[PDB]
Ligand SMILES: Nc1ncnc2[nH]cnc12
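Quick setup: one chain, the form solved without adenine, written in structure tokens, and binding and motion questions come after.
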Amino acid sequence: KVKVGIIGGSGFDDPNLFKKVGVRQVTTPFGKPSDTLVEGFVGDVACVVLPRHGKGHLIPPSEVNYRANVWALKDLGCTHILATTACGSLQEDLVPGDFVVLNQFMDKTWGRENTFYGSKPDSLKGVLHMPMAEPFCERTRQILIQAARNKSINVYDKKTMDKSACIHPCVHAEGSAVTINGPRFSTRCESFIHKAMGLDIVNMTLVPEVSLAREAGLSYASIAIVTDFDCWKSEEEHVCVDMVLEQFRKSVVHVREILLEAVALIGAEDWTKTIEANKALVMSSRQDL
């Protein structure tokens, strides 16, 4: 009944989550996806993994074909999409090695194809105005957090827990990302303003991925990996990048376990009313109709 797609970011350019059956090349009305897809199973649940940047990480965030990636997963029968993203921290209690199950974002991207619908021949005919106040699938968000608990990963909820209960590495139960266009990182001025706005992390790939998943009627949740992009500040930059990469490798191992546990938890529940509600929200958001 359910099928989980996985969009792997940095650290997942060469997917190896499960015992691979075969790789699959697909075409899409909006172009080719970033790479071939790896098809397999976790339990009795079909799973398919797609590297966001391609196998060698040769595609930058602004040039990723998010429409083709999301539609390819849709056409393969996916009902859910779990995604990863490496990010920088903007707040004290989010430190390298932590994870964030995001629930909000502020969009600073531009020049990317961010909708399936329009009046151009390269899009589906129609005008679609999708509500995005809470842009993720809340059921799928809580499954990622429960998967972390099941794998004995600390979970921190700043609305219900003291800052001393912040035990790293932890999964932050909530968080907002500012998605910048890249490829450059932010200036200190820009980072200060983003921090003053209360944003938790900065990344480059969440939007329009999260928006297109909802346009496709798919349940989408993202888990962000906090890393460190400031090794240029240390005196021994070569040692710093080695230490940050080693911690990032350990973070990828944790996220791999969370993703595998989440796929099983998704396949254990019924999603009939949620999938139907995902499809109806698309229909009701059609202004031309």
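Rigid core here is just the name for the largest C-alpha set that superposes within 1.5 Å across the two forms. In this text, residue numbers run from 1 along the sequence as written.
As for the form deposited with adenine bound, it is not shown, yet the points below apply to it.
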Quiz item: Since exactly one of 147, 101, 83, 180 fits, which has a heavy atom within 4.5 Å of adenine in the bound PDB entry?
Solution: 180
Quiz item: Though adenine is not shown, can you say which of 78, 170, 72, 204 has a heavy atom within 4.5 Å of it in the bound PDB entry?
Solution: 204
Practice problem: Tell me the stretch among 27-35, 238-246, 216-224, 42-50 that has any heavy atom within 4.5 angstroms of adenine in the bound PDB entry. | Solution: 238-246
Quiz item: Closest heavy atom of residue 261 to adenine in the bound PDB entry, within 4.5 Å or not?
Solution: no
Practice problem: Flag residue 63 as yes or no: does it have a non-hydrogen atom within 4.5 angstroms of any non-hydrogen atom of adenine in the bound PDB entry? | Solution: no
Quiz item: Closest heavy atom of residue 192 to adenine in the bound PDB entry, within 4.5 Å or not?
Solution: no
Quiz item: Does residue 88 reach adenine in the bound PDB entry if we count a contact as any heavy atom within 4.5 Å?
Solution: yes
Quiz item: Which residue moves between the shown form and the other one, judged by a Cα shift of 2 Å or more on the rigid core: 231, 46, 260, 252?
Solution: 231
Quiz item: Against the rigid core, is the Cα displacement of residue 59 between the shown form and the other one at least 2 Å?
Solution: no
Quiz item: Core-aligned, does residue 240 move its Cα 2 Å or more between the shown form and the other one?
Solution: yes
Exercise. Quick one: in the bound PDB entry, is the Cα gap between residue 54 and residue 244 smaller or bigger than here? Answer closer or farther; it shifts by 3 Å or more.
Key: closer
Exercise. Pin down for me whether the residue 60-residue 245 Cα distance shrinks or grows in the bound PDB entry relative to this form (closer or farther, change of 3 Å or more).
Key: closer
